[PDB]
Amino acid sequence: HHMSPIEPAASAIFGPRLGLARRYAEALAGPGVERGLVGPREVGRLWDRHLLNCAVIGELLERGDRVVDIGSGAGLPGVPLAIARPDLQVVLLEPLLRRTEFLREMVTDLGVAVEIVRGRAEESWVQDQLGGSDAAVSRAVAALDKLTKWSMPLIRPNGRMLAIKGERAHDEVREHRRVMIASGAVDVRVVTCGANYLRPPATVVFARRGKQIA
């Protein structure tokens, strides 16, 4: 079978919306695979590697944050985040129409307060449409320099960038810190989330939108 939630982590993270989480995992395991959006090998990793690892980065988001998920793909990390944290207002930014079709289907079949923008982060109209967001999250999108260039315009002054990055976080920070600062980041550091539940924990390149103009 192997679609039943990993406990107690799943209830820790999703609480009363565990059922929404399970519905989402099922659709990723079903139509997500049938449509070529979820790799077959990932089906048995949907809880620990995808839903849980993505949703724990909510530990770094304040109540009621407006969040842009840059390059959401099949909904990761934005949809696990929205399910875990109903207080958030999540927007999934994704350019591929095949993927946005998928996302709209799921978001309506879940009742989750998630919106979908089909566009690329570097587009002027996107920067206007999603400017002033409280946070910009991402996973598996781009190297940290381009990612930060894409993220900072969408974040209000003193907002937060959360780039899920894994064991390559530190290297990436060390390589790109300088140009990250030039793009408007300050206080760049590697942080971990969900360390009560996951080993390794989720590893996130955290930054603030500093006051400097890029």
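Heads up: residue numbers just count along the shown sequence, starting at 1.
- Mean C-alpha B-factor is higher over 28-36 than over the other stretch, the pair under comparison being 180-188 and 28-36.
- The mean Cα B-factor in the deposited entry runs higher for 166-174 than for the other of 48-56 and 166-174.
- Residue-level inspection of the entry shows that, of 139, 98, 118, 85, 98 has the top Cα B-factor.
- Reading the B-factor column for the CA atoms of 93, 107, 90, 76 in the entry, the top value corresponds to 107.
- Per the PDB record, residue ranking by Cα B-factor puts residue 43 in the highest third of the chain.
- Among the modelled residues of its chain, residue 20 has a C-alpha B-factor that falls in the highest third according to the deposited record.
- For residue 203, the recorded CA temperature factor ranks within the middle third of the chain's modelled residues.
- Remark: residue 132 belongs to the middle third of its chain, ranked by C-alpha B-factor as recorded.
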